[PDB]
Each structure stands twice: as C-alpha cells, then as structure tokens.
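1. PDB entry and its sequence, pasted below:
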Amino acid sequence: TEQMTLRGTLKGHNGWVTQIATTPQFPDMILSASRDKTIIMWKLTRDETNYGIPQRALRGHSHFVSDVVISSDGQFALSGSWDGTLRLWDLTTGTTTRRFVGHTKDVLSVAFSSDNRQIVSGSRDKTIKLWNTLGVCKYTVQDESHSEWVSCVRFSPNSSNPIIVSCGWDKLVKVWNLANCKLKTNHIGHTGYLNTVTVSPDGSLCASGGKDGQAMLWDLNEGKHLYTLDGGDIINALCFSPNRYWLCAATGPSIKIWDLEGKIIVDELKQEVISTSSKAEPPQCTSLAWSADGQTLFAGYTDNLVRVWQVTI
Amino acid sequence: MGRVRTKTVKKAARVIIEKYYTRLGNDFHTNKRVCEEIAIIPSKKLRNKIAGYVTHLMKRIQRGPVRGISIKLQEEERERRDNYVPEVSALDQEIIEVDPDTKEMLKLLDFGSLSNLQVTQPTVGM
RNA sequence: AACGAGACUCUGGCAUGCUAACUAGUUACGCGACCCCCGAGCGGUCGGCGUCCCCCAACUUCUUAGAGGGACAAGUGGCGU
C-alpha cells in the first residue's frame, strides 16, 4: 500500500501556526494563519534549496487569527480573530474590502457557503451567526444553540441538501437547515469537549473529535451513527482526502491516516528527536491541508513551522 | 527581585483544579480564558497570576500526586492498589522451619509435626 | 481566625486595530496667486519653495480621549530535601 515521505519545511513565522488554506486555481500558492497576528501568503517552488518563500503578509487583526478560508475563484480570503472581528481580504493588493462586526467576545471558526454568496461564524459568545457578503448580519441562533463555546461550524459541499454542521464544548454535534434557520438533529456520544468537525467531498459523512482521542463517524442525510476509531491521546484537526476513501487526523505530536475500506491505519507520521528535559518533548501538530492534487500534505506546528509530506510507492 | 506567590493566588488555583480538571491544559492563553468564566476575579492582573499557577500545577499533576489536590482519575487507581493486587493467587505457604526452643514451646502446647529444624552458633555473636 | 505585608488607586512606556473632530491635522486636487530657472526640457502641461488662499474633496498616520487588548517567571537550558 502507499506510504508518506518528508519533502521540506517553511520558516517565516513568529507564533503557533493556527490554520492552512488552499485552492485548485493556484497550485503554486498556499495561505496560513498564526498567533503572531498575521496571515502569510507563500510562493511555493520546486527548487532543491528550500520549498517556498513568504510572498506577502496581511496585518490588520489586533490579536491571534483563529481560522482562514479562500474563495472558489482564488481572488479573496476570509478570516476570524480573538479580537472578535471578521474580515474579507483582496489577495491581489493585500487589503480588506469589508469588515464584519456584531460578536461581543472572541471568534473560533468561519466558513463560506458552497456558492460563495453567504458567510457563517462561531464563537466563545455561544451564538452561531449568518452574514451577507455586503457585511450585514441576517440571523442569530440564540436559545437553541450550544450551552458552552461553539468550537466549529461547516457547510455541506453539495447543493441538493443545504445544511450546516457544528460541534461545541457542551460535547454535542448539531445539524441545522439553512433556509429554515432551525436545528434538525442532535448527536450524543463523546465524553470530552470537541475541537473539530469535517464532511466528505461527496456530501455523505461527518467526522468529529477532541479531548477523548476518539474519531466518530455520522451520516448527514440518513441521520444515524457509524463506527468509532480510537485515535490516541487527543484530536486537534481532521480531514478527508479529495480522491481516496481516507480519513486523516492530527493527534498530539503525530499525524495519522485510516483507510476506511476495512478500517485500518495506513501509516503514522513522526518527528526526529530533540532531547528535552520535560514532558511533551516534541512540538504538537495543530492543523492539516491536502493539496488540490491529493498527492501532497501540509501540516502546521507549535514550533512555528509548516512541514510538507509526499505520497510514495 | 521576588516572584513568590501569596496564599490568595495559591488557594484560588487549588479550588479551580478540584472542580474543573476536565476543562484545563498546558496552554496559558486557553487557561486564562477558562478561569474568567468559572470564577469572579476583581482584577485582570490577579486573573493572569491565578492562570499562571494553574498552568504550573497541571504540568505537575501529569507526573504524580500533589498532596493538597484530589481528582476521580487518581482516586480510582488508588482504590485499585486498595482491594487485592495481581501479585499472587495464594498466600506465602505455612511450610517453615522451627528452632529447638520453639519446638519445645509448641510441645508444651500439644502441637508440631509439620516443620524442619536446625541449631544456631556455639556462642553469642559479637 | 483578625490587622499590617501584598492585592488596591493614580502615573510612564506599546496599538497604521475600534469610536470621530470647521475650538485638531494630513494628503490631494477643481484649482487660483507670488518667486526662481537650478530641471528631461522654455518664460510650459510637467520641476522647486509656502504657517500664500478657497473646497459644497478624501481621510485619521501625526494631536485630543473614551472602550477594550498586552506580561504570567508564560517558553527553552542549568541548579534546588
């Protein structure tokens, strides 16, 4: 079966990498966020000396940047921050065209709609919130929301079932109808708080995880439970492959992949030892992205680096 | 210089960990946000000092016991050293040797018949 | 268990992020005016100098001052019953 190998590393940051984002429109570009308050745009290269260079940096947020996402045309990017404000960036000039305001705490995740005509967000303020791209808020979920911090929000990629999924510190996963503005279904099972939720590109399955170290699968349209996978110590991020039936997870200092035909671990990715006089000797992995080609993986870390892996035979 | 923490900081940090161990971790910037919603703290400068000692105590509790703090996860494995151990399926067996003056003490008590015997040294060890 | 200590109150150093100013400014131009040709090049569109003057132009970097943010011995290496 297929096996990963280390390609190279990217060095231009002064705090933990918080997220990475990519598109099929520009395969020599990637974009990433950090606790150093700024978003970096990278020029990738196939040169033997170093795999990429910081090309531009976006500087307008006043605390940490928590989430970042790119428009399907590759012209614009959207981001949230621990300063409680949400911003839309023109990637050609490196300037914000609009600013979104109306949360009263601290913003943990954001997404674009699959048509890119609507925006959604989640926060420590306990409210999910919906926005028009002209910067005006359109609905607020309030009493039916999570009882604790809203950790994540995501859209289904398909057009024929317009719904969103979410996870929170009250250890529930919830599913919501877009046009009707209402809750559809709870899912219950996890013992710890939740860090992440994700959906397969065919629009069929969820995955979710957090402190309990378990990845659990769920149906989007059949409304029911599927099998549980033990990850290890903790789950920081999850993603599906774009062209294989694989789930991938970032788990403490290591990254891991499951082949879902026959439910088996393909490989686990680890770091060369730097001897350290304390517990948690290695730095942890914080975020993942597969390239639009599917053949290469980007991963971010608490040691201010992005590490790149290829597939091999 | 002096960076020693006063009893107002050290007592509030212990009471937080007794009630909210499942919320906490190694990241100071996340602990600083948790301690602001589970407690009323009058000053920003006091909140930072409490979340600092909570972050120090979490890294100790990952290694072993701290005498002033208790949690279910550590009590139930104490309760597994309590009750019975995996060490052996039977007692240390009663087939043990007897000295001549213990043989004589048991003879006067109408007992014996199950022990081997040998004598000690010719004179008291010096 | 109580008072003193510490916390606490005022103050200094950071924010091209927020709120928004004819009793505070900048940039720019519809432009208008004086002086110099030193300037590719003319006595010019274009250059230089301005506490010289309008804006029914755009804006908040520099000034004012309200709200929040930020630092914890928090990170790494030694020494410590």
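-> Cool, the structure landed. Residues are numbered from 1 along each chain as shown, chains lettered A, B, ... in the order given.
2. Mind telling me which residue of chain B is nearest chain A?
-> Residue nearest to chain A within chain B: residue B:62 (5.8 Å; CB to the nearest CB). Quick note: C-beta positions are derived from backbone N, CA and C, even for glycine.
3. That residue contacts residue A:279, correct?
-> Yes: Residue B:62 lies in contact with residue A:279 (CB atoms under 8 Å); the separation is 5.8 Å.
4. what about the residue of chain B closest to chain A, neighbour count?
-> Residue B:62 has 10 neighbours, counted by other CB atoms under 10 Å in any protein chain shown.
5. How much space separates it from residue A:112?
-> Distance of residue B:62 to residue A:112, given as CB to CB, to the nearest Å: 40 Å.
6. For residue A:264, grab the count of nearby residues.
-> Per other CB under 10 Å, the neighbour tally for residue A:264 reads 10.
7. In contact with it, which residues?
-> Listed by CB atoms under 8 Å, 6 or more residues apart in numbering or on different chains, the contact set of residue A:264 reads residue A:258.
8. okay, now the residue in the stretch 101-250 of chain A that RNA strand C sits nearest to: neighbour count?
-> Nearest residue of the stretch 101-250 of chain A to RNA strand C, counting by CB to the nearest atom of the strand: residue A:101, 7.4 Å away. Neighbours of residue A:101 under the rule other CB under 10 Å: 11.
9. What are the contacting residues of the helix or strand that contains residue A:78?
-> Residue A:78 belongs to strand A:76-81 when assigned by DSSP states H and E. With contact meaning CB under 8 Å, 6+ apart, strand A:76-81 is reached by A:21, A:31, A:33, A:39, A:58, A:61-71, A:86-91, A:97, A:107-110, A:112, A:119, A:121.
10. from those residues, which ones fall inside strands?
-> Within these, membership in strands is found for A:21, A:31, A:33, A:39, A:58, A:65-70, A:86-90, A:97, A:107-110, A:112, A:119, A:121, as judged by DSSP state E.
11. Report how many residues lie close to residue 39.
-> You didn't pick a chain, so chain A it is. So residue A:39, with other CB under 10 Å, has 25 neighbours.
12. oops, chain B please
-> Residues near residue B:39, counting by other CB under 10 Å, number 14.
13. which secondary structure element contains residue 4?
-> Chain wasn't specified; assuming chain A. With DSSP H and E as the test, residue A:4 turns up in strand A:3-10.
14. If you count neighbours, what's buried in that strand?
-> A:4, A:8, A:10 (16 or more other CB atoms under 10 Å in any protein chain shown).
15. Please identify which of those residues is nearest to chain B.
-> Distances from chain B to these, taken by CB to the nearest CB, are shortest for residue A:10, at 23.1 Å.
16. and stretch A:26-45 with RNA strand C, contact?
-> No: applying CB under 7 Å from any atom of the strand, one finds stretch A:26-45 separated from RNA strand C by no less than 8.4 Å.
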